[PDB]
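S.K.: Provided herewith: upload_3.cif, mmCIF, C-alpha atoms.
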```
data_run
loop_
_atom_site.label_atom_id
_atom_site.label_comp_id
_atom_site.auth_asym_id
_atom_site.auth_seq_id
_atom_site.Cartn_x
_atom_site.Cartn_y
_atom_site.Cartn_z
CA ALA G 3 102.46 -4.24 65.25
CA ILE G 4 106.01 -4.04 63.90
CA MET G 5 107.54 -0.73 64.92
CA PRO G 6 110.90 0.64 66.10
CA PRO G 7 111.72 0.37 69.83
CA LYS G 8 110.22 2.93 72.20
CA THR G 9 112.53 5.57 73.65
CA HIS G 10 114.23 4.76 76.94
CA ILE G 11 112.92 8.08 78.23
CA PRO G 12 110.49 10.33 76.25
CA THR G 13 111.25 13.77 74.80
CA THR G 14 107.87 15.50 75.05
CA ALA G 15 105.46 16.04 77.95
CA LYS G 16 102.76 14.26 75.94
CA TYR G 17 104.36 10.93 76.88
CA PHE G 18 104.68 11.58 80.61
CA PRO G 19 101.85 11.39 83.13
CA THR G 20 100.58 14.88 82.29
CA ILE G 21 97.40 16.96 82.56
CA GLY G 22 96.54 20.21 80.79
CA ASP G 23 97.59 21.15 77.26
CA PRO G 24 100.72 19.17 76.24
CA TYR G 25 101.75 21.76 73.64
CA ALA G 26 101.58 24.54 76.24
CA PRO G 27 104.54 26.99 76.27
CA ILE G 28 105.40 26.31 79.93
CA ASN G 29 105.93 22.90 81.51
CA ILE G 30 105.69 22.24 85.23
CA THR G 31 107.28 18.89 86.07
CA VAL G 32 106.87 17.65 89.63
CA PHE G 33 108.59 14.70 91.30
CA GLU G 34 107.05 13.07 94.37
CA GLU G 35 107.73 10.03 96.55
CA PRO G 36 104.80 7.95 97.85
CA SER G 37 106.10 8.34 101.42
CA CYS G 38 107.58 11.84 101.44
CA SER G 39 106.32 13.71 104.51
CA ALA G 40 106.77 17.14 102.92
CA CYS G 41 104.55 16.14 99.99
CA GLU G 42 101.34 15.94 102.04
CA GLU G 43 101.07 19.72 102.40
CA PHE G 44 102.17 20.16 98.79
CA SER G 45 99.62 17.95 97.02
CA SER G 46 96.94 19.13 99.45
CA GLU G 47 97.60 22.89 99.48
CA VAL G 48 100.00 23.65 96.61
CA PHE G 49 99.37 21.20 93.76
CA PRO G 50 95.69 22.13 93.22
CA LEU G 51 96.58 25.83 93.01
CA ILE G 52 99.11 25.03 90.29
CA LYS G 53 96.30 23.24 88.46
CA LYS G 54 93.85 26.09 88.94
CA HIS G 55 96.09 29.05 88.15
CA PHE G 56 98.37 27.75 85.39
CA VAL G 57 97.08 24.43 84.04
CA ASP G 58 93.35 25.12 83.76
CA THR G 59 94.25 28.35 81.93
CA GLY G 60 96.24 26.61 79.20
CA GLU G 61 99.37 28.45 80.30
CA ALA G 62 101.24 25.36 81.46
CA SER G 63 101.35 21.59 81.23
CA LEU G 64 101.54 19.73 84.53
CA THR G 65 103.54 16.50 84.74
CA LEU G 66 103.76 14.35 87.87
CA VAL G 67 106.51 11.73 88.02
CA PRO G 68 106.61 9.02 90.72
CA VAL G 69 109.81 7.91 92.44
CA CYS G 70 110.78 5.22 94.95
CA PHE G 71 113.60 5.95 97.41
CA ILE G 72 112.50 4.69 100.84
CA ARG G 73 111.43 1.13 101.65
CA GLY G 74 107.69 0.49 101.76
CA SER G 75 106.99 2.79 98.82
CA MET G 76 107.46 0.38 95.92
CA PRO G 77 104.04 -1.25 96.41
CA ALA G 78 102.40 2.19 96.33
CA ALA G 79 104.63 3.11 93.39
CA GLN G 80 103.48 -0.07 91.65
CA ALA G 81 99.83 0.72 92.34
CA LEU G 82 100.22 4.24 90.96
CA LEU G 83 101.50 2.99 87.61
CA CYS G 84 99.03 0.10 87.80
CA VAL G 85 96.19 2.63 87.99
CA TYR G 86 97.84 4.94 85.46
CA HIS G 87 97.66 2.03 83.04
CA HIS G 88 94.31 0.63 84.17
CA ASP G 89 93.15 0.99 80.56
CA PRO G 90 95.27 -0.58 77.78
CA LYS G 91 93.74 1.85 75.28
CA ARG G 92 94.64 5.09 77.04
CA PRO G 93 96.69 6.15 80.07
CA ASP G 94 94.69 8.51 82.30
CA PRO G 95 96.94 10.78 84.38
CA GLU G 96 93.80 12.23 85.98
CA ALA G 97 93.05 9.00 87.84
CA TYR G 98 96.75 8.40 88.48
CA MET G 99 97.23 11.81 90.11
CA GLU G 100 94.11 11.77 92.27
CA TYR G 101 95.26 8.32 93.38
CA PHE G 102 98.68 9.78 94.14
CA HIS G 103 97.19 12.70 96.08
CA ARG G 104 95.11 10.24 98.09
CA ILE G 105 98.30 8.32 98.88
CA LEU G 106 100.25 11.44 99.89
CA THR G 107 97.53 12.53 102.31
CA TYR G 108 97.19 9.06 103.85
CA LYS G 109 98.55 8.81 107.40
CA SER G 114 106.99 1.88 107.00
CA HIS G 115 104.97 -1.32 106.52
CA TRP G 116 102.05 0.88 105.49
CA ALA G 117 101.73 0.11 101.78
CA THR G 118 99.50 -2.97 101.65
CA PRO G 119 97.25 -3.88 98.68
CA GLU G 120 94.19 -3.67 100.94
CA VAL G 121 95.12 -0.12 101.95
CA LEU G 122 96.21 0.64 98.38
CA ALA G 123 93.00 -0.88 97.02
CA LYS G 124 90.73 1.03 99.40
CA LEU G 125 92.36 4.31 98.39
CA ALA G 126 91.86 3.35 94.74
CA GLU G 127 88.08 3.11 95.14
CA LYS G 128 85.72 5.69 93.63
CA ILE G 129 88.62 6.98 91.52
CA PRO G 130 87.51 9.04 88.49
CA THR G 131 88.41 7.38 85.19
CA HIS G 132 87.45 8.09 81.58
CA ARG G 135 85.87 1.67 82.29
CA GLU G 136 86.35 1.45 86.05
CA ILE G 137 89.14 0.30 88.38
CA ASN G 138 88.84 -3.15 89.96
CA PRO G 139 90.47 -3.96 93.32
CA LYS G 140 91.40 -7.55 92.42
CA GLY G 141 93.05 -6.41 89.20
CA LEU G 142 94.87 -3.65 91.07
CA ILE G 143 96.04 -6.01 93.81
CA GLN G 144 97.22 -8.48 91.17
CA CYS G 145 99.14 -5.74 89.37
CA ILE G 146 100.81 -4.63 92.60
CA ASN G 147 102.03 -8.12 93.50
CA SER G 148 103.17 -8.63 89.91
CA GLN G 149 105.69 -5.80 90.31
CA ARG G 150 105.24 -4.89 86.64
CA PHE G 151 106.76 -1.43 86.96
CA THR G 152 109.99 -2.02 88.90
CA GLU G 153 112.20 -1.22 85.91
CA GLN G 154 110.03 1.79 85.02
CA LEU G 155 110.44 3.30 88.48
CA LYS G 156 114.20 2.86 88.08
CA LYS G 157 114.02 4.99 84.94
CA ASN G 158 112.13 7.59 86.96
CA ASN G 159 114.69 7.58 89.77
CA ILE G 160 117.56 7.96 87.31
CA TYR G 161 115.56 10.47 85.27
CA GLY G 162 114.67 12.65 88.25
CA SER G 163 118.22 12.30 89.56
CA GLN G 164 120.02 13.38 86.39
CA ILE G 165 117.41 16.15 86.19
CA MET G 166 118.17 17.46 89.67
CA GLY G 167 121.91 16.73 89.57
CA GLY G 168 121.53 14.33 92.48
CA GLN G 169 119.13 16.48 94.50
CA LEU G 170 116.90 13.44 94.97
CA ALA G 171 114.46 14.96 97.44
CA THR G 172 110.71 15.51 97.22
CA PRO G 173 108.60 17.33 96.59
CA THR G 174 110.60 18.99 93.82
CA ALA G 175 108.89 20.98 91.06
CA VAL G 176 110.47 22.09 87.80
CA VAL G 177 109.08 25.20 86.11
CA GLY G 178 110.60 25.72 82.68
CA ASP G 179 114.30 25.15 83.29
CA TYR G 180 114.12 26.21 86.94
CA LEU G 181 114.48 23.80 89.85
CA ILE G 182 112.57 24.46 93.07
CA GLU G 183 113.07 22.11 96.02
CA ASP G 184 110.30 22.02 98.63
CA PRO G 185 108.29 24.31 96.33
CA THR G 186 105.61 26.74 97.46
CA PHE G 187 102.97 28.45 95.33
CA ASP G 188 104.69 31.83 95.69
CA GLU G 189 107.98 30.36 94.45
CA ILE G 190 106.24 28.74 91.48
CA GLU G 191 104.29 31.89 90.65
CA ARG G 192 107.37 34.08 91.03
CA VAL G 193 109.22 31.92 88.51
CA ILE G 194 106.31 31.96 86.07
CA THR G 195 106.24 35.76 86.25
CA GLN G 196 109.82 35.61 84.99
CA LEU G 197 108.94 33.10 82.27
CA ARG G 198 106.01 35.21 81.06
CA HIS G 199 108.46 38.12 81.04
CA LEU G 200 111.02 36.26 78.94
CA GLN G 201 108.24 35.14 76.60
CA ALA G 202 107.23 38.79 76.31
CA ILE G 203 110.79 39.33 75.09
#
```
Now that the file is in, can you turn its structure into structure tokens?

M.R.:
Amino acid sequence: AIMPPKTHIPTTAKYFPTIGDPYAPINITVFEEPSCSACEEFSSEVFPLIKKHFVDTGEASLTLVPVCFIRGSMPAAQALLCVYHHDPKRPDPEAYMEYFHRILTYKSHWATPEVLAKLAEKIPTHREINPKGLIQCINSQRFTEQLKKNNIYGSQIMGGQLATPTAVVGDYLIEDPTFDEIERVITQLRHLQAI
């Protein structure tokens, strides 16, 4: 009830939209924009492989951070965080990511609640996601200030390289990442760990 203020921006993966083991030695942190054209191939062909090869093995933690840089994306950005927080008790990144993926693979005035609500249907949650609640949360623009933290966070992280998709493996920064690039960097990280 009465506690100190929350951090402006968290210090551990546990408190970011993350799947896998939060204590894991390696952390993959990905930044994506709801409208980025280069992210469609990534979330569809690259992101799952990251999950399968490094996250499902307990080798890495996978964080996905949303950002809003081009007009028409804020509604979708709102919906993402609206779904991420569909349950007051527990944030479920699993629903939030699958929702994201569905948005990235969707074909400038595109982001409408109806389209955002339809994509949100049948979404797997740990006690279900309602359209009317989702539409209300989008119009409310609850998470405008949050997305500003994300933009500034991802910016300061990339030294201004505000382009997506951008994945961060350990302390390494890979623009327009591929699976080979990500794997090649992990091979180095496993090697340094071995040292």

S.K.: Padding 8 Å on every side, please: axis-aligned box over the listed atoms of stretch 165-179 of chain G, centre and edge lengths to one decimal in Å, as lines of an AutoDock Vina configuration file.

M.R.:
```
center_x = 115.3
center_y = 19.6
center_z = 90.1
size_x = 29.3
size_y = 28.3
size_z = 30.8
```

S.K.: Within 9 Å of stretch 7-30 of chain G, which residues of stretch 77-170 of chain G come that close, and what is the closest atom pair and distance in Å for each? Count only C-alpha atoms and give it as a tab-separated table.

M.R.:
```
residue	atom	partner	partner_atom	distance
G:86	CA	G:19	CA	7.9
G:93	CA	G:19	CA	8.0
G:94	CA	G:19	CA	7.8
G:95	CA	G:19	CA	5.1
G:96	CA	G:21	CA	6.9
G:98	CA	G:19	CA	8.0
G:99	CA	G:19	CA	8.4
G:157	CA	G:11	CA	7.5
G:158	CA	G:11	CA	8.8
G:161	CA	G:11	CA	7.9
```

S.K.: Apply the PyMOL selection byres ((chain G and resi 194) around 10) to the structure shown and report the selected residues as an NGL selection string.

M.R.: :G and (28 or 30 or 56 or 61-62 or 177-178 or 180 or 188-193 or 195-200)

S.K.: As a check of understanding, name the residues that the PyMOL selection byres ((chain G and resi 35) around 6) selects in the supplied structure, as a ChimeraX atom specification.

M.R.: /G:34,36-38,69-70

S.K.: Go ahead and compute the interatomic distance for atom CA of residue G:143 and atom CA of residue G:66, in Å to one decimal.

M.R.: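 Computed distance, atom CA of residue G:143 to atom CA of residue G:66, equals 22.6 Å.
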
S.K.: Name every residue that the PyMOL selection byres ((chain G and resi 119-138) around 10) selects in this structure, writing the answer as a PyMOL selection string with chains first and numbers rising.

M.R.: chain G and resi 77-78+80-82+84-86+88-89+92-105+108+116-118+139-147

S.K.: Extract, using only C-alpha atoms, all DNA, RNA and protein residues at most 12 Å from residue G:162, discarding same-chain residues fewer than 2 positions from it, and format them as an MDAnalysis selection string.

M.R.: chainID G and resid 11 31:35 66:71 155:160 164:176 181

S.K.: Could you save those same residues with C-alpha atoms as a compact mmCIF listing (two decimals), in the frame of the given file?

M.R.:
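This is the output file result_39.txt:
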```txt
# COMPACT_ATOMS: atom_id res chain seq x y z
CA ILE G 11 112.92 8.08 78.23
CA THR G 31 107.28 18.89 86.07
CA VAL G 32 106.87 17.65 89.63
CA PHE G 33 108.59 14.70 91.30
CA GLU G 34 107.05 13.07 94.37
CA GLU G 35 107.73 10.03 96.55
CA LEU G 66 103.76 14.35 87.87
CA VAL G 67 106.51 11.73 88.02
CA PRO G 68 106.61 9.02 90.72
CA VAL G 69 109.81 7.91 92.44
CA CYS G 70 110.78 5.22 94.95
CA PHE G 71 113.60 5.95 97.41
CA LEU G 155 110.44 3.30 88.48
CA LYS G 156 114.20 2.86 88.08
CA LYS G 157 114.02 4.99 84.94
CA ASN G 158 112.13 7.59 86.96
CA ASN G 159 114.69 7.58 89.77
CA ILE G 160 117.56 7.96 87.31
CA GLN G 164 120.02 13.38 86.39
CA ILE G 165 117.41 16.15 86.19
CA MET G 166 118.17 17.46 89.67
CA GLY G 167 121.91 16.73 89.57
CA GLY G 168 121.53 14.33 92.48
CA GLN G 169 119.13 16.48 94.50
CA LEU G 170 116.90 13.44 94.97
CA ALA G 171 114.46 14.96 97.44
CA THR G 172 110.71 15.51 97.22
CA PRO G 173 108.60 17.33 96.59
CA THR G 174 110.60 18.99 93.82
CA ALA G 175 108.89 20.98 91.06
CA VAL G 176 110.47 22.09 87.80
CA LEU G 181 114.48 23.80 89.85
```

S.K.: As an exercise, work out the distance from atom CA of residue G:60 to atom CA of residue G:45 in Å and give it to one decimal place.

M.R.: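 Value for the atom CA of residue G:60-atom CA of residue G:45 distance: 20.1 Å.
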
S.K.: Take the point (100.7, 26.7, 98.0) as written in the file and pick out every residue within 7 Å of it, counting all atoms listed in the file; give the list as a PyMOL selection string.

M.R.: chain G and resi 44+47-48+51+186-188

S.K.: What is the atom CA of residue G:74-atom CA of residue G:114 distance in Å, reported with one decimal?

M.R.: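 So the two atoms, atom CA of residue G:74 and atom CA of residue G:114, lie 5.5 Å apart.
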
S.K.: From the list G:46, G:163, G:83, G:65, which residue is nearest residue G:148 when using only C-alpha atoms?

M.R.: G:83
